[PDB]
Amino acid sequence: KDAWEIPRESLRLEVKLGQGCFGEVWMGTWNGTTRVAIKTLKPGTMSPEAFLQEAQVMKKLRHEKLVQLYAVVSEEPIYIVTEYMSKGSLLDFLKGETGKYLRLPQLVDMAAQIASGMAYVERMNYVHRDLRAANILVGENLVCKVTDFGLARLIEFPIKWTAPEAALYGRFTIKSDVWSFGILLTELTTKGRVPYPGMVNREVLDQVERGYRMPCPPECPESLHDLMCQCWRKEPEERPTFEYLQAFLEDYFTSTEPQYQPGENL
Ligand SMILES: COc1cc(Nc2c(C#N)cnc3cc(OCCCN4CCN(C)CC4)c(OC)cc23)c(Cl)cc1Cl
């Protein structure tokens with residue numbers, strides 16, 4: 001036990017949110033004062049370690065653009081508590097009612113916060129391993145955060161989002177992370193479409209390894225799709241840092257596309 005543990009009776013579960021073969025996720029209150037999100041366990045389903053060693057990683061990380069780990073409880077019902085992100089994943093947010101109103105500036109800006117959260121991950125010497133719209137959460141005012149560190153390791157699998165070297169040879173790096181980021185940019189520019197439309201896993205891996213790359217999304221600026229291609233370089237070390245990515249996105253409409261004019265969708 002560490003100073004991350006709270007009583008169960010501190011809490012209270014209310015409205016369900018998702019289910020799983022891991023447990024489930026609720027809106028809660030904390031000590032009567034704090035809307036939280038609680039992630040329960042189905043007591044025998046996962047290890048004690050397994051369900052939580054994702055959140056040892058969440059103790060050693062702390063950034064505005066990552067989701068805030070609040071507390072843990074470690075006898076079943078076993079829980080982990082976090083800040084409540086009001087709009088759920090970015091995937092849903094992008095497919096939902098509001099998605100179609102989003103244009104480049106809100107999208108580039110969301111990519112920015114994310115890049116920023118990862119750029120911190122980057123300098124904390126870590127890799128996330130499952131980066132994609134659906135592991136990003138949204139709050140109000142278009143605030144995006146990275147979460148789902150359930151595979152996040154210190155540097156001593158969904159292939160569409162995964163880097164080649166990482167899928168074939170288990171070579172995960174912050175640079176493999178950059179690869180996903182680049183796919184995530186295409187989610188953001190398509191308003192949530194699945195990568196490699198009409199292609200199946202083995203088709204992706206085969207074509208990706210042949211050097212195919214997703215082409216420019218409709219209405220997306222070539223400068224934006226170039227950045228993506230930089231992220232998908234066959235050579236991970238030649239792939240840009242997230243700190244490069246963070247600043248390039250933040251300064252996007254001034255330094256790169258000062259002449260951006262809104263279109264039908266973007
Ligand atoms: C607590 O522990 C963990 C929780 C999570 N997942 C979440 C975190 C976190 N973190 C924070 N906030 C969340 C809010 C959610 O729902 C919001 C309501 C959805 N709607 C959108 C549409 N409109 C119209 C109604 C509202 C949600 O379920 C979709 C999951 C959340 C992860 Cl991934 C890992 C750990 Cl360890």
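One-based numbering, in listed order, for ligands and for the atoms of each. Residues: numbered from 1 along the sequence shown.
- Separation of atoms CG (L151) and CG (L131) is listed at 12.0 Å; rounding is to 0.5 Å.
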*Would you sort out whether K65 and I114 count as a side chain to side chain contact (heavy atoms under 4.5 Å, CB included), showing the intermediate values?*
CA-CA 7 Å; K65 296 323 185 181; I114 302 180; over 6 Å; no

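- Counting heavy-atom neighbours within 6.0 Å of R35 CZ, excluding the residue itself, gives a total of 12 or less.
- At the shortest separation from atom 14 (C) of ligand 1 among protein heavy atoms lies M85 O, 2.9 Å.
- Atoms of ligand 1 lying under 4.0 Å from any heavy atom of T82, numbered from 1 in the order shown and given with element: 1 (C), 2 (O), 3 (C), 8 (C), 9 (C), 10 (N), 11 (C).
- Counting protein heavy atoms under 4.0 angstrom from atom 1 (C) of ligand 1 gives one or more.
- Under a cutoff of 6.0 Å and an axis angle of 45°, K60 and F149 do not form a cation-pi pair.
- The proximity of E83 to ligand 1, defined as any non-hydrogen pair under 4.0 Å, is limited to the backbone.
- Contact record, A55 with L69: O-CD2, 3.9 Å, taken as the closest heavy-atom pair.
- The shortest heavy-atom contact between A119 and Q246 is CB-NE2, 3.5 Å.
- Not a single protein heavy atom sits closer than 4.0 Å to atom 25 (C) of ligand 1.
- Short contacts between ligand 1 and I38, defined as distances under 4.0 Å to a heavy atom of the residue, involve ligand atoms 1 (C).
- The neighbour count for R153 CZ, taken as heavy atoms of other residues, nucleotides or ligands under 6.0 Å away, is above 12.
- In terms of protein heavy atoms, atom 29 (C) of ligand 1 is closest to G88 CA, 4.3 Å.
- For the residue pair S116 and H63, the shortest heavy atom distance occurs at OG-CE1, 3.3 Å.
- Residue-ligand proximity, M58 to ligand 1, at heavy-atom distances under 4.0 Å covers atoms 36 (Cl).
- Counting heavy atoms under 4.0 Å from ligand 1, residue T147 touches it through the side chain alone.
- Using a 4.0 Å cut-off to heavy atoms of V67, the atoms of ligand 1 that qualify are 9 (C), 10 (N).
- Residue contacts with ligand 1: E54 is included, with a non-hydrogen atom under 4.0 Å away.
- The distance from the CD atom of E14 to the OG1 atom of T29 is 4.0 Å, given to the nearest 0.5 Å.
- Heavy-atom minimum distance, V208 versus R213: O-NH1, 3.3 Å.
- Residue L137 touches ligand 1 through its side chain alone, judged by heavy-atom distances below 4.0 Å.
- Note: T186 OG1 to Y196 OH = 8.0 Å, rounded to the nearest 0.5 Å.
- Residue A37 has at least one heavy-atom neighbour below 4.0 Å for each of these atoms of ligand 1: 1 (C), 11 (C), 12 (N).
- Partner of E165 under the salt bridge (charged side-chain N to carboxylate O under 4.0 Å, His left out) criterion, chosen from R171, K234, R239, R233: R239.
- For atom 21 (C) of ligand 1, a protein heavy-atom neighbour is present inside the 4.0 Å cut-off.
- When heavy-atom distances to ligand 1 are checked against a 4.0 Å cut-off, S86 comes that close only through its backbone atoms N, CA, C and O.
- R103 places no side-chain N or O within donor-acceptor distance of the main-chain N or O of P262, the cut-off being under 3.5 Å.
- Residue-to-ligand polar distances keep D148 apart from ligand 1: every N/O pair is separated by 3.5 Å or more.
- Proximity of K87 to ligand 1, defined as any heavy-atom pair under 4.0 Å, is confined to the backbone N, CA, C and O atoms.
- Residue contacts with ligand 1: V81 is placed with no nitrogen or oxygen under 3.5 Å of a nitrogen or oxygen of the ligand (distance criterion only).
- Within ligand 1, the atoms closer than 4.0 Å to a non-hydrogen atom of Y84 are 12 (N), 14 (C), 17 (C), 18 (C), numbered from 1 in the order shown.
- Of the protein's heavy atoms, at least one falls inside 4.0 Å of atom 7 (C) of ligand 1.
- Scanning the protein heavy atoms around atom 15 (C) of ligand 1, the nearest turns out to be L17 CD1, 3.4 Å.
- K39 CD, 3.5 Å is the protein heavy atom nearest to atom 35 (C) of ligand 1.
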